[PDB]
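In structure tokens, the next block holds one chain alone, the form described as "open state" in its entry title.
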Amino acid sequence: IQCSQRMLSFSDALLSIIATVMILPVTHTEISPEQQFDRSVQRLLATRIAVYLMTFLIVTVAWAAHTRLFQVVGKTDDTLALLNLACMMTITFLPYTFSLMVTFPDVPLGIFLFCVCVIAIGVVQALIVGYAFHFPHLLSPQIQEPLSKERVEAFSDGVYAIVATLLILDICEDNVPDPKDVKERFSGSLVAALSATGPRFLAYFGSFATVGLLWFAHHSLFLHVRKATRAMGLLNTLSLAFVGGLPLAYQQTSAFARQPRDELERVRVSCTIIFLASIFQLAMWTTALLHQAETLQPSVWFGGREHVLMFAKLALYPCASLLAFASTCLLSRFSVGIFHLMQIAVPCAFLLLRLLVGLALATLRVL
């Protein structure tokens, strides 16, 4: 009989990979230069987005069920590890089957495959439960609503890492100049061929910075969380789902724009995605504040030392996104520059957040 922590961490990593499988088609969608094709291209992209959102949810539900199952099976053994591997393997087919079901609505085989995968997941989990109850010493002591904060943190960390490294993975695969290309299409200059790839690196820069800072806020919040809840888990799931869309937004804000309005609308979309990703972290914090006695450490309670700093940390990005979005409507001519200035400023504000909070508190105290 063994401790289950490493096995559950491995399962969380696998589930995080599977939950994000359908983002690659979205980011690998090519921004066509011909605007006349837009109507078609958009129709594809939106669909690819919708599927991504559904899959991430469905897998999340499975993950949640897993998190509950092994709250009832505390200690693991060899048989349970092998069975959990089987369960992970079954879960890995959910995205493909759902994608096939949506791609072939009128073919009854797609729904059959998806339902059979769901049934197989259920069967393996029931086998795990039966095995653990046949050997009672593998059950949790209380067996012989809250979600395990451990699993939430691990799953979120995996999702954040994948989303932060998506664009660098794509660059490392696709954008190493061909030695022959550097000759004819760049007159032998590796400098020029690399410079012709600047926009993609700027996109990776922006995406990694934003995802890392959102992870930083999430990490700061869950460092103070005594107990996670189902509502908090749902809000975290929504936040991660919208975090997945940040690399796309940053790709679109570095591409070439024939018309300024395209730049403006891409900025709008980017700010909207950032706001959606961050407002649900803030909602997580606010919902936890409803039951701070049970969910939060005293430090972040109302009147605590770290309450205001935590609120500022979790409300920074939403406020910045809202300000940029409002500028796009009221200060259009400067909106793109404001967006870039925000991309530079927000990391600096996170760096100097404590001093800024103290300064604001003192200023309001004297005022």
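We call the rigid core whatever largest set of C-alpha positions still superposes within 1.5 Å between the two forms. All residue numbers refer to positions in the sequence shown, first residue = 1.
Keep in mind that the form described as "closed state" in its entry title is missing from the display, and what follows is about it.
Summarising the superposition on the core between the shown form and the other one, the listed residues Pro136, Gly198, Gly130, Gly122 contain exactly one with a Cα shift of 2 Å or larger, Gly198. After superposing the rigid core, the Cα of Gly74 is displaced by less than 2 Å between the shown form and the other one. When two forms of a protein are overlaid on their rigid core, residues whose CA moves 2 Å or more are considered shifted, and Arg230 is not one of them between the shown form and the other one. After superposition on the rigid core, the Cα of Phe275 moves by less than 2 Å between the shown form and the other one.
CA of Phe242 to CA of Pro199: farther apart by 3 Å or more in the other entry than in the shown form. A change of 3 Å or more separates the two forms for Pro260 and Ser321: their C-alpha atoms lie farther apart in the other entry.
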